[PDB]
């Protein structure tokens, strides 16, 4: 078997050089998965992938190349493609079922290869087929650790969480969707006060507070979130006469009769402040003026004679 030894060398050479005609004259079911004798003992597929021979990769795969075959160091062809930034080769290999987190004898994955050589686009492609950038090699190092810029480190993390969310969504895996979303900031809380961004926005003196409030609500803000003193955003807006945002909160389902820790509604706090239009609006929204606070007061009992007048109707 010295002919299939020389023939092999020529098949390999055709693969490496991108010689399509020579490849298909030499490629049989007996040498399609042959390994070189010296060097790294690459298969044709390894060589075609490393040297970016896209058409050769198509033909090899089409004629039974083993996408999981190993070179002397435990690299699969996906390693070769990723290490030298061959995007389209990478995509082809993945399309034919390459293991996105295949590990060589040093526990290097394809993403270790791409990340360490700053193959930004290859990294994103890998992450989109489920590459995991937290897996460590024999030196205790992840793809994140080898990425040479903060922009790329941030991107590996962001895109990894992103695709874990997308896949959990595809699988309707509720627990996994919850988990990957556990760190969303929309309802992040001031640790001391328990206020969220919505509480802060409706308290704002600044001109765009209406727009900010709308935006936070569109993006998941809990309209009835309670701070340390059981104040909802409505309570906060009402006591400051921030009428524009009050409307926004109403629109998004604010509970008009929410009670703070003193048993007061937004209407109590507006009345107490002497905010006349605020009281009119709260009334129109369905606030209940009979509610008796824990100190024994209706809103009218805490307000000026104008508030009293407004409330007695």
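Residue numbers count along the first chain shown, from 1.
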Got a sec? Mean C-alpha B-factor, which is higher, 281-289 or 259-267?
281-289
Once average C-alpha B-factors are taken from the entry for 234-242 and 139-147, the winner is 139-147
Top Cα B-factor in this entry, restricted to 170, 96, 163, 199, sits on 96
Report the option among 132, 159, 71, 225 whose CA atom has the maximum B-factor in the deposited record.
71
Going by the entry, which third of its chain does the Cα temperature factor of residue 152 land in?
middle
Classify residue 180 as lowest, middle or highest third according to the C-alpha B-factor given in the PDB entry, relative to its own chain.
middle
Of the three thirds of the chain ranked by Cα temperature factor, residue 116 occupies the highest
Check where residue 29 lands among this chain's C-alpha B-factors and tell me if it's the lowest, middle or highest third.
highest
According to the PDB entry, is the CA B factor of residue 295 in the bottom, middle or top third of its chain, that is, lowest, middle or highest?
middle
